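> part one of the complex, left exactly where it sits:
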Amino acid sequence: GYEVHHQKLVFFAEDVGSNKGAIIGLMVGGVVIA
Amino acid sequence: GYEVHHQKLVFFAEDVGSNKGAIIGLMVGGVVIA
Amino acid sequence: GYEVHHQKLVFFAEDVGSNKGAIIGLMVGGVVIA
Amino acid sequence: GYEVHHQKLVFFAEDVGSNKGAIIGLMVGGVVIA
């Protein structure tokens, strides 16, 4: 038959330090003022 | 038949330190002032 | 039959430091003022 | 300064009649057997 396994989807895979703006993974519509 | 298993979806996979702005994973519509 | 496994999709694979603007992974529509 | 107004986000903008399956607007994770 079929077999689908172990897919993987990462947006940010390491550290996110000292952010002072906007960090978005997925954004559908909308405004970002940074 | 079929078999679907062990998919994985990560947005932030490591530390998030000293944030002073906006950190969003998924955002549908809406405004972000940073 | 078929077998699909171990695909991988990364957007940012390393550190994101001292951001002061806009960092987006996937953006469908919408405005970004940076 | 800045001014952001009158954005609009619609998922289904017209009639939804005689549904016999699954109609979802936004789905994060989860299984749908239809």
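Perfect, thanks for sending it. Numbering: from 1, shown residues only, chains lettered A, B, ... in the order given.
> the closest residue to chain C within chain A: neighbour count?
Closest approach of chain A to chain C (C-beta to the nearest C-beta) occurs at residue A:34, with a separation of 4.1 Å. No exception for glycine: its C-beta is placed from N, CA and C like everyone else's. Counted with other C-beta atoms under 10 Å in any protein chain shown, residues neighbouring residue A:34 total 21.
> contacting residues for it?
A:21-22, B:21, B:32, B:34, C:20-22, C:32-34 (C-beta atoms under 8 Å, 6 or more residues apart in numbering or on different chains).
> following sequence is chain E, add it:
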Amino acid sequence: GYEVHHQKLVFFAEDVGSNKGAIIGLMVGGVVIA
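Let me add chain E to what's already shown:
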């Protein structure tokens, strides 16, 4: 300055009749068996 207005994002703009499967607007992760 800046002015952002009257954006618009539609997923389904007309009728959805006699559905017998799966109709999804936005789907992040997850399985759909139709």
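> any chance you could map the helices in chain A?
With DSSP state H, there are no helices along chain A.
> up against chain E, what does it have?
With the criterion set to C-beta under 8 Å from any C-beta of the partner chain, chain A comes near chain E through A:9, A:26, A:28-29, A:31, A:33.
> how about those residues, which pair is most distant?
The span of the residues of chain A next to chain E, defined through C-beta to C-beta, is set by A:9 and A:33 at 27.8 Å.
> need the residues of chain A next to chain E in a markdown table with distance to residue C:15, can you?
Listed next are the residues of chain A next to chain E as a markdown table, based on distance: C-beta to C-beta, whole Å:
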| residue | distance to residue C:15 |
| --- | --- |
| A:9 | 19 |
| A:26 | 20 |
| A:28 | 26 |
| A:29 | 29 |
| A:31 | 27 |
| A:33 | 25 |
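> following sequence is chain F, add it:
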Amino acid sequence: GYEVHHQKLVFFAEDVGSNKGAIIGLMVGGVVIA
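Same chains as before, plus chain F:
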């Protein structure tokens, strides 16, 4: 200054009738068995 207005993003702009499979607008990760 700047002015951004009246953008528009449509996924399905007309009727969707008698569906028996999977109709998705935006899909990030995940399996679809149809």
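> quick recheck of the neighbour count of residue A:34 now chain F is there?
Neighbours around residue A:34, by other C-beta under 10 Å: 21.
> which residue does chain A have closest to chain F?
Residue of chain A nearest chain F, by C-beta to the nearest C-beta: residue A:9 (4.2 Å).
> surely that residue meets residue C:25?
No: using C-beta atoms under 8 Å, residue A:9 is not in contact with residue C:25; the gap is 10.2 Å.
> could you list every residue that touches the residue of chain A closest to chain F?
B:8-10, C:8-10, E:29, F:28-29.
> likewise for residue A:22?
Residues in contact with residue A:22 (C-beta under 8 Å, 6+ apart) are A:32, A:34, B:21-22, B:24, B:32, B:34, C:21-24.
> since that was my last question, I'll sign off now.
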